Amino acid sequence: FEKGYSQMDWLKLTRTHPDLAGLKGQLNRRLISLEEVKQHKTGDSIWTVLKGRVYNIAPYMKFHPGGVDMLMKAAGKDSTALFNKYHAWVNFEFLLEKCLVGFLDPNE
């Protein structure tokens, strides 16, 4: 065991496990509605919105330093406000790139 290595371990997973986003061949550039995000709270994926980017955060759960219980609060909703309350400086754009499923379009 080595303290502090969760993010290194996470990124190794993103380099060595295919389709963490769970897109199953769909491209990660799709325009997504919030109603769609809301319907990914259970099952094989959990979607959230951060600054307009939609991510499948289910694979990240056990790597989140703040805990699974905290990350679950983001399930099926826009979690930007929560993210900014706890750590607005975290580089989610880089850390979660391989979990990107698309972009939140308010008009969809």
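Don't overthink the numbering: it's just position in the shown sequence, from 1.
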Which has higher Cα B-factors on average according to the PDB entry: 51-59 or 28-36?
-> 28-36
Can you tell me which stretch has the higher mean Cα B-factor, 94-102 or 9-17?
-> 9-17
Would the CA B-factor of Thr80 place it in the lowest, middle or highest third of its chain?
-> lowest
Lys41, C-alpha B-factor rank within chain (lowest, middle or highest third) | highest
